[PDB]
Amino acid sequence: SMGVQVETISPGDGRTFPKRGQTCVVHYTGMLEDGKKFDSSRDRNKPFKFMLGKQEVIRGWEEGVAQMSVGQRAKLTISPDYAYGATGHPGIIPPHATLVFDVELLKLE
Ligand SMILES: C=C1CCN2C(=O)COc3cccc(c3)[C@@H](CCc3ccc(OC)c(OC)c3)OC(=O)[C@@H]3CCCCN3C(=O)C(=O)C(C)(C)COC(=O)[C@H](C)NC(=O)[C@H]2C1
């Protein structure tokens with residue numbers, strides 16, 4: 001029940017929530033719980049896309065972004081259980097890391 005915490009930064013439209021099969025178009029910035037940024041689609045000036053229902057992203061995103069409506073900006077705090085677990089992500093994220101993502105849901109495709 002606490003694998004991902006979603007805290008609203010600015011609201012969306014309150015009606016359009018992503019469904020399985022839909023593609024979410026987002027800008028994000030990921031950091032360790034300490035605060036050290038490890039990636040951001042904003043640094044590439046190009047939104048990230050992922051389709052729900054396909055195991056395309058860590059579980060904290062799959063459940064976390066589905067709680068967001070189009071336009072919403074939110075802070076997602078994801079336990080290692082819902083992220084990279086005991087293994088981490090090769091050369092990026094250590095074992096048992098708590099992650100924090102600033103996510104803006106731009107549109108659905
Ligand atoms: C210019 C580019 C560099 C090369 N390039 C990629 O190499 C694509 O890399 C990914 C794409 C989609 C999802 C993934 C990783 C997955 C990782 C693989 C995966 C998939 C599913 C899992 O379960 C079912 C899982 O369970 C363990 C693991 O990333 C995630 O889910 C979460 C949530 C979505 C945002 C990224 N995410 C992170 O953590 C991070 O910020 C990373 C990966 C450290 C850094 O991301 C990036 O640079 C972004 C994405 N790269 C790109 O935009 C393209 C273009």
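Residues numbered from 1 in each chain as written, not as in the entry; some residues may be left out. Heavy atoms only, no water.

Draft legend 1. A look at the side chain of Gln72. With respect to the element layout, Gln72 can be found in the loop between α1 (59-66) and β5 (73-78). Only 2.9 Å separates the side chain of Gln72 from the backbone nitrogen of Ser69, close enough to count as a polar contact. When sequence neighbours within four positions are dropped, the list of residues in contact with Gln72 reads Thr8, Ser10, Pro11, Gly12, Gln67, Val103, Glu104 and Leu105. (Helix = DSSP H or I, 4+ residues; strand = E, 2+ residues; numbered from the N terminus. Polar contact = N/O pair within 3.5 Å; in protein donor to acceptor, adjacent residues only side chain to side chain. Contact = heavy atoms within 4.5 Å.)

Draft legend 2. Geometry of the nonpolar core. Residues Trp61, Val65, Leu76, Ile78, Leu99, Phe101 and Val103 are the most contacted members of the largest nonpolar core, which totals 23 residues. Looking at this core, the elements that each hand over two or more residues are β2 (23-32), α1, β5 and β6 (99-108). (Core = buried A, V, L, I, M, F, W, Y, C linked by side-chain atoms within 4.5 Å. Buried < 20%, exposed > 50% of the residue type's maximum accessible area, 1.4 Å probe, protein only.)

Draft legend 3. Structural view of the pattern of salt bridges. Scanning the entire structure with this criterion turns up eight salt bridges. In this structure, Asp43 and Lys37 form a salt bridge, with 3.1 Å as the shortest nitrogen-oxygen distance. By relative accessible area, which is 52% here, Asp43 ends up exposed. The partly exposed category is assigned to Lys37, whose relative accessible area is 43%. Across the salt bridge formed by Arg59 and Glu63, the nearest N and O atoms sit 3.1 Å from each other. Here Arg59 pairs with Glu63, and both are found in helix α1, just four residues apart, close to one helical turn. For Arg59, a relative accessible area of 48% translates into the label partly exposed. Residues participating in the shared-partner salt-bridge network are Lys49, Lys107 and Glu109. (Salt bridge = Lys/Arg side-chain N within 4 Å of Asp/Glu carboxyl O.)

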